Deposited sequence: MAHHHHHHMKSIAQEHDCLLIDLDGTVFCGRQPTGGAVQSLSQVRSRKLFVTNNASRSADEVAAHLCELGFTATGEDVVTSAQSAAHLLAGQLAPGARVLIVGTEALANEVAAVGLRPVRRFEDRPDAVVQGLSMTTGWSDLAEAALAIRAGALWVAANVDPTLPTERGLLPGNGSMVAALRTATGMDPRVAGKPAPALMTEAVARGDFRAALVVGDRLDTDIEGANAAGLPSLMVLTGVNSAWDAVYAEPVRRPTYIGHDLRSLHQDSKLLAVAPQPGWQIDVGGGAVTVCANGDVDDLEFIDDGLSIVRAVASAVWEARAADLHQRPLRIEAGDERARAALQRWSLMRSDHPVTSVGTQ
């Protein structure tokens, strides 16, 4: 009767494929959020832009947001460091002035080179970061500096294609030093716990499309999650997800915010009978062949299969009739490592 969005006093919406499709907002995103009355907080693992800059770009894209609605990993990385370093302690910045400013804001002293004697290194993406900047960081790390990364995402999605992410720049430093950083952003629960503490919200919901950041982060933070299937492998990835990466709910896109949570939950489904046995999970359709009473948002079979697989090397997804067959293939759940498509790329 109520929508899932109405069951929550705030939404932590991931700023990845969940809301952006490169150039434009994702299909249905702006319309859906405009009808949400609860607080909308936009959370990003990107530490390159200030909260205000993120908000301005969101507005440009047709969304409504101010800096107060944006939470970034620059902020959580600064808090992580400030919680274990002394007041005024020096921190070498790899990244933008936005990152440096977040460090300054929590009582620490941002610094740009090894000879300035940093106690720590904080690393976020900047498109002007270069070899010499990394050389300063490598010296600091070798001399025992605490090393915090905003995220370890290998790529940065853009219009041009997939470019090196902060995770790529971390890898260079890992090769140079033999060390790994501590990650302040997702999947660490602090970013989300900080978002919730900002407005003292009591019934928060995580909304995102990445199992290893959004969903794992949510589970780590003890919050429920709505996973949206933005990618071709999202359905498959959900089904085969390890326990800490399992979402509470599964939706197609942000239209799901106005659907009933009971319909969205990963659970057994009335339209699908599942038989688990002999290394396989076999799915059969329930109604008469021309019965449409069980067709709702199209994702009921994914919820069914995920639920059967979660309650226990990997099980094979198999069809027990024509309808299951077509519905499994719609969600690319029938594979021989990749789903066969009509035209190959």
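> Going from the first residue of the deposited sequence to the last, where are the unmodelled runs?
Deposited residues absent from the model fall in 1 to 8, 321 to 327, 361.
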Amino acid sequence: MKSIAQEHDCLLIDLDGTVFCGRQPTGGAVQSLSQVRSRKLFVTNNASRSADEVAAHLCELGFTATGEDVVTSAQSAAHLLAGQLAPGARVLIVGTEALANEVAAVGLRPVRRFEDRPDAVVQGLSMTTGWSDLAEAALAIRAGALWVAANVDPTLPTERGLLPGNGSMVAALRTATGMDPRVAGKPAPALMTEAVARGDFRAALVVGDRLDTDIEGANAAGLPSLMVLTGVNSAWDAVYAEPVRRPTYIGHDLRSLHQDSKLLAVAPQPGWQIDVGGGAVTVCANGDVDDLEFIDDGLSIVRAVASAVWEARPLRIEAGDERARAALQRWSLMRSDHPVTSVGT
From here on, numbers count along this sequence of modelled residues.
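> So, looking at the entry's B-factor column for Cα atoms, which has the higher mean, 301 to 309 or 57 to 65?
Looking at the record's C-alpha B-factors, the answer is 57 to 65.
> Tell me which stretch, 143 to 151 or 157 to 165, has the higher mean Cα B-factor listed in the entry.
Taking the mean B-factor of the alpha carbons in each, 157 to 165 is higher.
> Could you check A135, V121, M192, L205 and tell me which one carries the biggest Cα B-factor in the deposited entry?
Largest recorded C-alpha B-factor: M192.
> By the entry's C-alpha temperature factors, tell me which of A77, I274, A176, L257 sits highest.
Comparing C-alpha B-factors across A77, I274, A176, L257, the top value belongs to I274.
> By its CA B factor, does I13 count among the lowest, middle or highest third of the modelled residues in the chain?
Bottom third by C-alpha B-factor.
> For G199, does the deposited CA B-factor place it in the lowest, middle or highest third of the chain?
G199: CA B-factor falls in the highest third of its chain.
> Place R112 in the lowest, middle or highest third of its chain's C-alpha B-factors, as listed in the PDB entry.
Ranked within chain, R112 CA B lands in the lowest tercile.
> Divide the modelled residues of the chain into thirds by Cα B-factor and specify which third, lowest, middle or highest, holds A188.
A188: CA B-factor falls in the highest third of its chain.
> Classify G83 as lowest, middle or highest third according to the C-alpha B-factor given in the PDB entry, relative to its own chain.
Its C-alpha B-factor, which the entry lists for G83, ranks in the middle third among residues of this chain.
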